[PDB]
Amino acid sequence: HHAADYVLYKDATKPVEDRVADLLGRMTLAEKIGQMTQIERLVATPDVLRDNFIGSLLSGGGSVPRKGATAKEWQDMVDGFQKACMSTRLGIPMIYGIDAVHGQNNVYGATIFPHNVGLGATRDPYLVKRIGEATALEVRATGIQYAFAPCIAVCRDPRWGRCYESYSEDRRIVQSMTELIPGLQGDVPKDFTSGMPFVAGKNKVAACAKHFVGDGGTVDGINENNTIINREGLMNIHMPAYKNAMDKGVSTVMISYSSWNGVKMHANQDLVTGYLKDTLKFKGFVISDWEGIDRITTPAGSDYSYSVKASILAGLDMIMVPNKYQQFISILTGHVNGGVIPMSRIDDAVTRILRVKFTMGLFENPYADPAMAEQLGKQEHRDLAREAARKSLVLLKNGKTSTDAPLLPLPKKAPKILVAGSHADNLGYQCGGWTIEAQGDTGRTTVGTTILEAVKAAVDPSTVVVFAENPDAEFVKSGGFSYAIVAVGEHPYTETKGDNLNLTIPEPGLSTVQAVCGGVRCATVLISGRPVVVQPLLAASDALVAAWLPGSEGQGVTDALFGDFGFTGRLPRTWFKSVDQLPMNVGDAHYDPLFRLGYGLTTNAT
């Protein structure tokens, strides 16, 4: 279709499948295996990207051009890598991925939304869609086109260090929150075939349903472990939301480190090819987790030749190496050259990769848009996070006895109030994991409003606010306080570091609540990724709020404390009496919760 140097794959007016086929038929083995390779920015250089025809880059947690980098610094970095990729023979653009799992959370100044467990507490799929939308804009602010989200794990045991990344122990709630997908990617058209990939264009991002499948079903919540459940329960609990994701055009699917009845997901042909591809008709690309193929073996990495064979024969399309690309490419090339992996498998992986890239407009808009940089941390997005934080809060107690005056909502005007606790003025703790680093961090790590800052922004000008992180009982009794707001809870974590068999909050936490509430009527705000042992905190407190990990916008907390809005959140998980009960889920036979799934007290706006 027209000039003498015409190349059909480069013609934006042509159908995606025709462009895919046209380009695939021109590629060498090296160019094909390159597409299948995703590398860390930390090992990327212009020569590495060209010489190995690399398909994809990522940032792992904390993998950033520098601390405090601006949106434009990110764009410049991503465009630098893209320029190298576009200078290859075929000029296939790379796709750049990142964990934007509660906003664009590796980036300084990005809006940080509540983590998924709190979003489950909202029962508000449209709010979740709007968070997807805003997160797409903040990702594209940084020049990035691909988010490793949503995590649609169904966490069945809160001892797991990633339980906060699950919207609920109830698969129906997780299913409902797959609205994140069309928020991130755009709505699919009226005619759409379930399982096809979709992204609307340059203001949206490719999504990723992860981690397939049963990541939240592991024994005793041990991260990356074995999920022991018959096929019926796998399909009834862990699988459903993947079909909702197919229906909404999720572009990619990431494979889990976990095993199912002793078989490593990253080696499971029956589930990855037989089920996801052949039965759900998924036509986007399947990506590994980070050194996920390595972890097929014990020790991990002890037979990388086998890792490559097993994973690629199982049906994985793109491998998150993410460092040893030379070894990955060499070993895979060897296997193809020896007939151990057929060309049909290579061509399928590359067809899927290219399909997503052409569908999302990456060949038309390979570079960043500098007018998008100002989307990062935009006040309108912060307003949305603030609404989400407030809606996520679950009020568990509001009065020690049925005849007490209800403590919440608290008055904005009082002569003197106390804000206390390790979590009252600590932005990093209120954001939790996957914020600036994977494990998260402590203190003022990004731009935001702590609980203390939000209190001061909310109260009448005549109200004196005193902060004391860990006051003793006498300080409180002597201070002339009208009431106290005390905030405590878990420290930031993710993955295996978060696995925890006792689920008791660190001290001083309870001891501060006791000292404060002992002296003055108190609202306790518990910051956690999951239910934790809570009877002792309840016994001391007039009121207590499960605030989960509400993110950067602390004013969401005070919005409900001071009665600007009423409490509406409902537990998205069972609150256990003891960890000896676990696992214990709604619908179980011996169900003896401290608070059942769906529990939540309400207030009315002042």
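A residue's number is simply how far along the shown sequence it sits, counting from 1.
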Quick note on 19-27 and 579-587: per-entry mean CA temperature factor is higher in 579-587
Entry B factor averaged over C-alpha atoms, 204-212 against 233-241: higher for 233-241
Per the deposited B-factor column, the C-alpha that peaks among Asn106, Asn502, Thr122, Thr450 belongs to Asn502
Among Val356, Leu271, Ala454, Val78, highest Cα B-factor in the entry goes to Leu271
Binned into thirds over the chain's modelled residues, the C-alpha B-factor of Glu553 lands in the lowest
Of the three thirds of the chain ranked by Cα temperature factor, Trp260 occupies the highest
Tertile call for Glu507 (CA temperature factor, within chain, third-based) is the highest
So, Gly334's CA B-factor, relative to its chain, sits in which third? The highest
Entry-reported C-alpha B-factor of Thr568 relative to its chain, by third, is middle
